[PDB]
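[1] Experimental coordinates for this protein are included below, preceded by the sequence.
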Amino acid sequence: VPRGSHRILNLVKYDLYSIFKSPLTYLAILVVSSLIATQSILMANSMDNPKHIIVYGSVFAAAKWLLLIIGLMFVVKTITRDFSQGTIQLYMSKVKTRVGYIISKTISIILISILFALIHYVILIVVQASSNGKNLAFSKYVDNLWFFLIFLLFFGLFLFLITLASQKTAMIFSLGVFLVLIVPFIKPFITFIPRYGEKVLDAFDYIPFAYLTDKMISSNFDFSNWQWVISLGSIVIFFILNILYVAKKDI
Amino acid sequence: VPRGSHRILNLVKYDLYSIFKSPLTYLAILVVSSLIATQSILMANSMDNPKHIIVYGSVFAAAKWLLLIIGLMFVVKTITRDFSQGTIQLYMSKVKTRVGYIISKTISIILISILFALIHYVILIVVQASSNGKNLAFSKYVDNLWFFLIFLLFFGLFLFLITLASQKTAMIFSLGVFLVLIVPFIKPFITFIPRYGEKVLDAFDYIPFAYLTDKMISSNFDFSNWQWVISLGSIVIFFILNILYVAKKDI
Amino acid sequence: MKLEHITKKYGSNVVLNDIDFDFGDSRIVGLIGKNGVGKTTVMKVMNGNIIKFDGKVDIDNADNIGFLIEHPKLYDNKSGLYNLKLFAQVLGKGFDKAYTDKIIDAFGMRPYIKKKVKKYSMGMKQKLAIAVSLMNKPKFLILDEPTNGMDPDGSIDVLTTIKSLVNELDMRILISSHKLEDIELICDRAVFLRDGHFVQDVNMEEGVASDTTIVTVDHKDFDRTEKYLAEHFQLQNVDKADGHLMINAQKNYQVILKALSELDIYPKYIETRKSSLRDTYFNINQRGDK
Amino acid sequence: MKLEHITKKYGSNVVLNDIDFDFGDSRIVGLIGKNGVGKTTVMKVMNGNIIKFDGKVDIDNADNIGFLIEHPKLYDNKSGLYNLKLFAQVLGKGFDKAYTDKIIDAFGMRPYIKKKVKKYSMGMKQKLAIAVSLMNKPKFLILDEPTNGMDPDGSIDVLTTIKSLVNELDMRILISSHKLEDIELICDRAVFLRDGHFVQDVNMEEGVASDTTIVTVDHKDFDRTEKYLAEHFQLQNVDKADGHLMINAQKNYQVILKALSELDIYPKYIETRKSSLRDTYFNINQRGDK
Ligand SMILES: Nc1ncnc2c1ncn2[C@@H]1O[C@H](COP(=O)(O)OP(=O)(O)O)[C@@H](O)[C@H]1O
Ligand SMILES: Nc1ncnc2c1ncn2[C@@H]1O[C@H](COP(=O)(O)OP(=O)(O)O)[C@@H](O)[C@H]1O
């Protein structure tokens, strides 16, 4: 039914309008762009007195981390908006609406991620255009967009399932911040101690939370075949579980 | 007014009763105690294979870390309860009740911190009784009690001021977790890089947030005079600002 | 919209017990009951918010449902026109400008149609909720206490407008609310709920209304007055606590007062008035209430 | 308890303009206006949450104040008895079993005093809100729509219980509410708020001259009945052709018909015409509404 398809598209479009309309998005964008430009200009142009050579790995990593954490907060807010306002019980009438609701949430997640990748492209492109140095590559920017898609998609579906189960908003925000920042912080201070450290360190290459969050600081994203397959499988499993629970939950 | 004194003491007593009568408080104690006991038995009693000697600094630091992040979240929940249910309108009626309200909240903060310090003392003492090693000192436990008191009191008054200004609950929970975990995470990956790193590293010993979070995971702690002056003066200024804001806000 | 053999229970307490319902040649139906008997549970069962009700609800997929439950749900941050347009696109077939303008003009929302929802009052939010519910262009429109915060004139205006809508377009209305004098204004049939069953089904179509007479006297004498009027004339209803005795319409008070004089008891207040559903409601449910 | 010269502005919207208010020899007062005129704002200003009054409010510190505004405030995860006890100890002087027990049996919350507030309905929460507000043992009660979710029998018992505590304990009540037929059962005076200032104050006890009571008697008995009524009470208008004499409204017919039955007089009919608060509201508000 294309009527249902248009109903899905109108929901993603209005969610996008609300995001593009709120002033916090342009305040967050102003702060991140100002901070990245200030840090890059002060750090690259004076600490070793070269002939204005700038390396782009630090700006790449910093812009990736800041834009990713801001986009994550924007995504969690978008996900928990309806549960915050209590209007969700109006969208939970029949089965086809509960399903179109989940489809629209996933499509909205994809569109927001694409928009943020485009934004990341604009800041790094203007920085490179203004300065001089060795330009990056288009294939790298495309695969960076893909990494944005997988990260945001994985965490958004996980947080959507948990907020559907619990119906509490303060927990979702605190859990998202905690989950993002606890594993890179805890790993150096604890893995090197045990006689079980090598084994646990090896197992951190397979826990999706641990390696997806860990590779954020790194300036390049490199995945093995098993790692790519397990991440895609986890997103698909989350989608099936979400569909099953949404079609049996009463609001 | 002794009558007002009875009103404040009744509110603090009932706040403590609501803390002591929840299943999450004991789920948290059982989880933290089980993790610390499991970690100590698994790693301190069999590495180099001594005569089961254990060094208590790592256990001290780990117990302090878990209990601090749990007591902080219990404090944020305690201070945000009234804004969550919206019953705060019934208490912010006249100036005398609004000030007795702030005094009662401060006394509640003091008692929760003392209770958690006692919890830390009992768990570590049972662990120390069970295992083998060199015991710690009571002067260490009393100064540790002071550190628990100062840290928890500081963050609770700051979050109380922000929650008064904003009247949003998700922001407080996220901001509390954010302030605890961002500074230790950002400093190794960014501070050692610049020609300004030494200056910022030295200035990290004067920002209250910065040195309290850096010194939170340490197993030893001795303060300087400037740190004592800044922390106590800051505590007094936040209390005065809180009183001033509470007497001018309208719901 | 039909319900067949609905039985929903919460643990040991059972709230609804094997009910049937159908809109039979009636456009507006009122649901009347006490507090905590399961009225909102019934509306949630019809609308679709509850899946584990263990029964069968016969609704068609091509038919949309626009509803109002316990409290309005709206975007407080955004505007009224934004809310109307969003819920018209998301729930309805589209947005109609002339139709929306007609709704706004009839309801009287133009002065405050551009102001933020967080700046509204309770009656304004309730009116907006009534308009958003009708925005869906439903075939069945169901309401949970529609008149929470409105003045008498506003309630009269909204009721007149809903009647003009249910007659210009083919709509079937369910309204569950107290304030029965407002209920008798727009309703075709009333159903009475006690302990999960439909005990009574009173149907009112025309304004003949069956005029009746009220005699008020204290309880210790009320027994004798009820017995006397049942032994002479035919009596319809009695309220024991207030001492209200409602015999049929009598033009001449002479035979009643003369008999009450040789009986030596006398009334505090005697009147003749139009019968209502408020009277019917007290008749069905004072056995449980008092 | 006095309010003097209050003006409050929200941006460019002026809500209050130099209002005076005073409790003069009256215990229960009613506040009446339209939707969004600023009645709860006046209530909130007289209560104390808002601080920028720009005028004078005279409140003694020894007097306690209890209130209920727009929504009930309770602890959802905790039980009702815990809520009553906590707000009695925290806001009131203390907790006493006899006083709370009398409140609970009269209000009717014994079966559900031990259930969780999370499972309550809206009317259940409103009754709990009135009881928690009364737990403070206040000198002034400030209630905002106390009966907007309750069944009629519930409205009558709660208002009668409120009046009983008004006489047993020196209490002053301020009630703002619609549904004027429910307000008129227990109230002494009403004040009308329109366009930000007070305009009319109506005392119901003293009445208006338009109220009449019509008694019809036989033609032969007309002279003797008219003689007795002319001796005893006041006559306003007399018309022999209709046979109707207009006298002041009298609430009890016992002594009057007792005297006529003693003088062998049996009236054919009796009834009274009176003007209610709905009539007063429409007459005052038709200047801007009609
Ligand atoms: N989880 C629940 N949610 C709502 N009501 C519940 C629940 N569990 C039990 N009930 C009971 O069902 C009864 C009917 O509630 P409700 O439909 O809200 O009010 P009413 O029947 O007055 O419209 C209430 O007395 C309530 O105690
Ligand atoms: N944040 C606000 N604070 C105070 N008044 C407001 C606010 N937002 C809107 N108002 C105005 O308050 C008026 C109604 O005030 P209020 O007394 O609260 O409700 P009501 O008069 O319906 O009881 C409206 O005209 C509205 O414009």
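    Sure, I can see it. Residues are numbered from 1 along each chain as shown, chains lettered A, B, ... in the order given. Ligands and ions are numbered 1, 2, ... in the order given.
[2] Might you report the residue contacts of the residue most central in space within chain A?
    Centroid-nearest residue in chain A, with Cα atoms, centre = their mean: residue A:152, separated by 3.0 Å. Residue A:152 makes contact with A:68, A:71, A:72, A:75, A:109, A:112, A:113, A:116 under the criterion Cβ atoms under 8 Å, 6 or more residues apart in numbering or on different chains. C-beta coordinates here come from the backbone N, C-alpha and C atoms, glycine included.
[3] Of the residues you listed, which pair is most distant in space?
    Farthest-apart pair in the contacts of residue A:152 is A:68 and A:109; separation 14.0 Å (Cβ to Cβ).
[4] what about the two, which has more around it?
    Counting neighbours by other Cβ atoms under 10 Å in any protein chain shown for residue A:68 and for residue A:109 shows that residue A:109 has the greater number, 23 against 19.
[5] returning to what we had before: any buried residues in the helix or strand where the residue nearest to the centre of chain A lies, and which?
    For residue A:152, the host element (DSSP states H and E) is helix A:138-166. By neighbour count on 16 or more other Cβ atoms under 10 Å in any protein chain shown, the buried set for helix A:138-166 is A:144-145, A:147-161, A:163-164.
[6] Distance of the residue of chain C most remote from its centre relative to residue C:228?
    Of all residues in chain C, residue C:262 has its C-alpha farthest from the mean position, at 43.9 Å, by Cα atoms, centre = their mean. From residue C:262 across to residue C:228, the span is 11 Å (Cβ to Cβ, to the nearest Å).
[7] Same question for residue C:61.
    60 Å.
[8] so where do the strands sit in the stretch 51-200 of chain A?
    Secondary structure of the stretch 51-200 of chain A (DSSP state E, counting those that start in this stretch): no strands present.
[9] so which residue of it comes closest to ligand 2?
    Nearest residue of the stretch 51-200 of chain A to ligand 2: residue A:85, at 17.4 Å (Cβ to the nearest ligand atom).
[10] what's that residue in contact with, if anything?
    Residue A:85 sits in contact with C:73, C:74, C:75, C:76, where contact means Cβ under 8 Å, 6+ apart.
[11] For the second one, give its distance to residue C:145.
    The reference is to residue C:74. To residue C:145, residue C:74 is 17 Å away according to Cβ to Cβ.
[12] what's the answer for the first one, then?
    Using Cβ to Cβ, residue C:73 is found at 15 Å from residue C:145.
[13] now swap in the third one and tell me
    Residue C:75 is 22 Å from residue C:145, where distance means Cβ to Cβ.
[14] how about the residue in the stretch 151-290 of chain C that ligand 2 sits nearest to, what does it touch?
    Residue nearest to ligand 2 within the stretch 151-290 of chain C: residue C:151 (10.1 Å; Cβ to the nearest ligand atom). When contacts are counted by Cβ under 8 Å, 6+ apart, residue C:151 is found next to C:123, D:34, D:35, D:178.
[15] Report whether the helix or strand containing the first one contacts chain D.
    Secondary structure from DSSP H and E places residue C:123 in helix C:122-135. Yes: applying Cβ under 8 Å from any Cβ of the partner chain, one finds helix C:122-135 in contact with chain D at C:122, C:123, C:124.
[16] doesn't residue D:148 make contact with residue C:148?
    Yes: at 5.9 Å, residue C:148 and residue D:148 qualify as touching, with contact defined as Cβ atoms under 8 Å.
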